[PDB]
Structures are given as structure tokens and as C-alpha cells.
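Each remark here refers to the structure printed beneath this line.
All Cβ positions, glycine included, derive from the backbone under ideal geometry; neighbour counts span all protein chains shown. Throughout, read-outs are computed from the coordinates displayed, never taken from laboratory work.
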Amino acid sequence: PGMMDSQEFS
Amino acid sequence: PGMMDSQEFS
Amino acid sequence: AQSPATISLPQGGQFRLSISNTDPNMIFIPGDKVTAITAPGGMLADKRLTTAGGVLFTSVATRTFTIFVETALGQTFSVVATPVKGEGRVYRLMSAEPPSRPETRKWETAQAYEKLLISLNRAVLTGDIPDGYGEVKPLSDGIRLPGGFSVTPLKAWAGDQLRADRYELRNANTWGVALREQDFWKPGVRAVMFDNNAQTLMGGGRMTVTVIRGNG
Amino acid sequence: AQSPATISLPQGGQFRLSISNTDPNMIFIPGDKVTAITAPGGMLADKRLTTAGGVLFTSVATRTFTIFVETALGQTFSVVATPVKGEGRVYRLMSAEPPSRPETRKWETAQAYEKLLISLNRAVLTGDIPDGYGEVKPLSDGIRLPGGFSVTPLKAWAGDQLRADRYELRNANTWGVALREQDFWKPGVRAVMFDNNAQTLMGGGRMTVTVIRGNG
Amino acid sequence: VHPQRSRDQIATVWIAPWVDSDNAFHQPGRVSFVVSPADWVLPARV
Amino acid sequence: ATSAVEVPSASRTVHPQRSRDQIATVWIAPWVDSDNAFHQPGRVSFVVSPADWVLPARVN
Amino acid sequence: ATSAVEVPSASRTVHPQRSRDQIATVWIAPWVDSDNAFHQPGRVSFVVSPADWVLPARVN
Amino acid sequence: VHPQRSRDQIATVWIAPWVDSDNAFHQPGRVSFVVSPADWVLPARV
């Protein structure tokens, strides 16, 4: 209900 | 009924 | 868009702010990197430590709590949040008391003294701050006022020795006066530099000065 | 913003303060690392060590109790908590007398050129001749004369750098004047000393100077 | 018509009294240095 | 690594400044490159000595 | 590791005190650092001999 | 205008009569020592 959308490229 | 909450860090 | 909202926060201070329950927020510290955050009381959703040195979080509660953000150089602050509607926000932290960096101690004691002052002075003039020097809150009233002048601090850099500042001198008077470099001395200042090599102002307040204090 | 509440305790004192049950509360001793704790009567829940060295906690009880706290150096303390509604707070603990170490390491080294000038110049005054210096014929009139004076060469040293000298001053006039040692400069002088420390003239010439020079 | 130079830029520091590491009290002084060394001015008229 | 240079002061408060530069121009006679490329080079101007610190003999 | 030094008493009750210090000042002629940094050093003052124990020739 | 020193600090002990470890009565005496050695006074006016 509150989590994020975090990503790292290379 | 009377014990303590003793802790040591590192 | 906007400049980040800047605050003072001495070691372990409190500041009242507001955060958004949507729209994840960010708190970051210049000159350091946040390595811990523990904010119970309202049970924030999640925390994520970026690579710049900030911390990302988001709350879903509806009441005021406290947040304890902790740095790597033994700095600990505290911000009292309050969830609101939207438009996630970014704040900046600014330790009013410089921390201790022993790497900077050995770097500073490695070289001489006058060449060290020259290094710091040119790094302030050009812009390339050395590696190991943070950025701490500019201290007011660190210089004398010989006559009617209006000082206004701009920025400060400091670590472990010889904290460096930046000010501005303005002639509030009507005529031109003599600017002798030793007037703006105090018990604790180590150097004074006038940025533009002007022997006498005109009446307009566009003159800055750099002061290299100590015990930073 | 707000400064931490600062207090002073003796060795093993017991201070009356207030904490908040929610909103974890922090206690830290500046300069030390908290090692232990013993917080009974309230049976509080969270107990973790930050990076600064202080300890923070989260009470849950509803009455006034006692919490003890220890230090890496043995400086024990005691605080009588009292839970309240909210808005957790941060305090600071320090002792008054026991912290006292004004010892200062003498930082601020000098240049490589000035230290050797001062060393040779000091050895020309005490008398002990440094290894690597002999003796030479006094160079003729190698120093200027500011008016009604005279020069009476005595002797000089030399070798491998800094051919030092020693000349003599004689007030050939009748009254007393001032002295500024930038008048004796000659094209090649490295340093000029006045031995008999005087800032005014008298008529009697018995003081010497030590003029250092290159090609020695 | 000759290609001239550009005038230099300097800044003179003022060193407040400090005590040496060999216990010698150094009184106030000045040290000067150059920031932007001179380079040829590029003409705008030929 | 010898003794540093001195700056002789003037003879009887102004901060120091450097000394003006001097320039030398050379006129190159036209030549022909090794790859048959006829050149008409212009007057090349080069710096011959760097500036040196000096004290102004102002009204000190 | 020889005999310790003596303190010659005066000649015809006050506790001892040390003797006053003396200071020597040097005027360094302006130089130019190896990295092109013109210096205007001030008068450096250094101690030349440490204080020594002495008895005051007071009214003893 | 010259940079002066600071005056020293001393304390003189009074040694009460004591018999030695090789039987020799030492009578009352005094021994003096320095506590805070002199260092340059940092000027407050320039």
C-alpha cells in the first residue's frame, strides 16, 4: 500500500 | 515480579 | 524548480516540517551520506538509501511523529514530520557544528601552513572545493565592523581544521573609506582576503571577502 | 533548529527530566560512547546504539521510574524519566569537572626556507657553529648606512649556503631617533637581525647585526 | 596592430598572527599568488 | 632546490602586481611544403620571458 | 650524566623564581616560493635561551 | 609592540624532617618546581 518503484541501470 | 532490563552494546 | 528548503539543525536538533503521504520525499545532507534512519511513531512505509547520499521514504499515517536521520561521520539530527496531501518535497540539512574527519586532519598536517592557506583561498575563489571538505552553516558575526557596514553571509566550507567562510561588505555611508585588511580581525581568524583588488570602494555594496577561521 | 537540552551532572548524579512514550527519545554524551543501560520500572522496548555513540529508546509505560546509563570511560549517570503524550525529544549529558585536557598538539609547521634561516641565525647568536660553516674575511660595505652612522666589520661565517656576517652600528650623531630595519637592506640580503633589542637611538654604538647573504 | 597580451589577475592574502610549530610567534604578513595566467587576446577585427 | 629568489624593493601602501609582458614577432619567408603545398605564413608572435613579481614605487 | 649545575647565591626569606626571557626578531627579505608565490614575511621572533633558576638578592 | 612572554608559575614544597633509608636525619627543607611553563601571549589588538 505504499512501496516504491526503484530501479538501477547497469 | 521485579527483574530489570539490562543490556550492553558492543 | 525551487531551491531546496534549507534548515539549521545543530547536533541533535529538532525542526518542525511537513511531508506528504503520497509522493515519496527526500532528505539529503551535503558533504556527507546518510547511512541510517529509524522513524517509528507513525510507521513509515519504506526507506531506500540512494547513491548520492540521501534517503528516500514515504509515510501513510495521519499524525505527527518523529524521524531520526543519522549520518556516517557521527552526525545525528531529528525532524518532526507531519503528513499532508501531496506534492512530495525535498529538504536540505546543514550541520551548524562541523564534524571530525581524521583524513582531513592528516591531509592538512601533511603540508605547510601558508601554502595550505593559499590552497584553501584559491579553492574558494575558483570553485573547486578540495576533497574532504564539507559544507556547514555560515556563521554570523565572525568579523569586526569598522564603521557602518552591512555584512550578509553567503556560504561556508569546513572540516576538522580551518573552517572557511564567505561574507559581503557594503558601505552604508556616503563617501569612500579606506579598507585595511587588518580591521576585520578577531581572536580566531587566521586569514583575510579581499576578492576584487580594490584599494577603496565607491559607495555601492558589491564587495565580498573570505575569512578562514579555526576550530571548524 | 532547536538546540538540544544541555545539562551538567556530577559523577553518578541523577537528573529529573521528561521523555515521551511514542516518538523514540535519544540520549547521547558528547565525546563518549554509551556501552550499557539499565532501565527498569518502565520496561521500555527499543534499545539501539546509533553511530554518534549515544543511545535512543522508546518507553511504553505510564509512570515515573529510573533509567541508568553507562559510558566507555566509566562515567555512570542516572535519569528519572516521566512519560508524556508525544513529540519525542533529545537531551545531552556531560560532566562538569572530570573532562579537562587542554593539551594541544603544536600544529602549524613553517616553510622550508624560513626554518633554515632561523636555525643558522640562532646558531650565529648562541655561538655554537653548525657543522658545515667556517670563517671568512668580512665583505666590505655590504650593508647600507642611514645617515650619520658607520660600519666597522668584525668577521663572518660561510659555507654551502647563506654566507652570514656580523657588522657594527655607531650613532655618530648627537640625539636619538627611531629605527626601522628595512633601511639596511642591500641587493642580496636574506635576513637582518638587531641583537641589542632597542627601538630608539642613544649615541653609543655597541650593538651588532647579522646580515645573511648568498654565495656562501 | 601587434598582438598584445592580457593583464594578469592576483589576490593577496593577509596572514593573521600565528605561533610556529617550533615555538616562534609569526606576526601578520602578506602572501600573493596568481589565479588566471595571461594568454593571448583573440582579435575581433582583421 | 636552492634558495628562493628575492624581489628588490624600490627606494624612497600598495599591494604587489606582476610586470608587463613583451612580445617578439618573426616573419617567415614563403616556403614549399614537402607535399608540394606553397605556404605564405604570417608574422608569428611568441612570448620570450614570463612576468615577475615587483613592488610599485608608488607613494608608500 | 655528570654533576648537576649550581645556582650561585647573592651577597649580603624569599622563595626562588625563574629569570626573565629574552627575544630576538628577524626581518626576512621578500622572496618568491618555488611555486611562484610571492611572500612578504613579517618579523619572526624566537626564543634563544631558556630561563634559569635564581635567588633574589632581596632583604633576606 | 614586540611580542612578549607570559610569567611563569611555580610552587615551593616544604619537606618535613625525615630519617633516610641509611639512617641520616634530613632537617626541614624546600624544593621548587614549575607547573605551567611560559608560552607566547596571543595578542588581541593588531
Label geometry 7 Å along the beta-carbon vector: residue D:115 inter-copy distances in nm: 1.2
Relative contact order, percent, the stretch C:141-199 [alpha-carbon distance under 8 Å, six or more residues apart]: 35
Quick check: net charge around residue F:1, other residues with Cβ under 14 Å of its Cβ, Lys/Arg +1 and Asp/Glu -1? -3
Looking at chain C, what % of its DSSP beta bridges pair antiparallel, to the nearest 5? 70
Give me the percent relative contact order of the stretch C:107-165, please, defined on Cα pairs under 8 angstrom at least 6 residues apart. 30
So, relative contact order of chain D in percent, Cα under 8 Å, 6 or more apart, is 17
Students often check this: by mean Cβ neighbours within 10 Å, which of C:21-32, E:30-41, D:127-138 ranks highest, and how do the rest follow? C:21-32, E:30-41, D:127-138
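Can you tell me the FRET efficiency between residue C:52 and residue C:16 if r is taken as the Cβ-Cβ distance and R0 is 30 Å, rounded to the nearest 0.05?
With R0 = 30 Å, the Cβ-Cβ based efficiency is 0.75.
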Place the peptides C:1-12, D:68-79 in order of packing, highest mean first, counting for every residue the other Cβ atoms within 10 Å and averaging per peptide. D:68-79, C:1-12
Residue D:84 and residue G:34 label points (each 7 Å along its Cα→Cβ direction) are spaced in nm at 6.3
Sorted by chain and then number, the residues having a modelled amide H within less than 5 Å of the amide H of residue C:169, at least 5 places away or on another chain, are C:207, C:208, C:209
Straight distance only, please: which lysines reach the Cα of residue D:137 with their own Cα at less than 19 Å, same-chain residues fewer than 8 apart left out? D:155, D:186
Mean per-residue count of partner chain Cβ within 10 Å for C:107-116 equals 5
Name the residues of the stretch G:9-40 whose amide N is less than 20 Å from a point 7 angstrom out from the Cα of residue G:57 along the C-beta direction? G:9-21
Label-zone membership for the stretch D:187-211, site residue D:152, 7 angstrom Cα→C-beta point, backbone N under 14 Å: D:203-209
As I understand it, the value is the acute angle between the Cα axis of helix D:112-126 and the longest principal axis of the Cα atoms of chain D; what does it come to in degrees, rounded to 10? 60
Value at 222 nm in deg cm²/dmol, rounded to 500, when DSSP H runs of n ≥ 4 in the protein assembly as shown each add -39,500 (n - 2.57): -1500 deg cm²/dmol
Using only atoms on other chains, find how many Cβ atoms lie within 10 Å of each Cβ of peptide H:26-35 and report the average. 1
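Can you give the local net charge around residue A:6? Use residues other than it whose beta-carbon is closer than 14 angstrom to its beta-carbon, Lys and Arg +1, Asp and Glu -1. Don't skip to the answer; put the middle values down first.
Details: positive: C:47, C:48; negative: A:5, A:8, C:46.
It works out to a net charge of -1.
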Counting only other residues whose beta carbon sits under 12 Å from that of residue D:143, what net charge do I get with K and R as +1, D and E as -1? -1
Counting only other chains, and only Cβ atoms inside 10 Å, what mean value do you get across the residues of G:17-25? 6
Can you grab the distance from the C-alpha centre of chain H to the C-alpha centre of the stretch G:1-47, Å, no decimals? 21
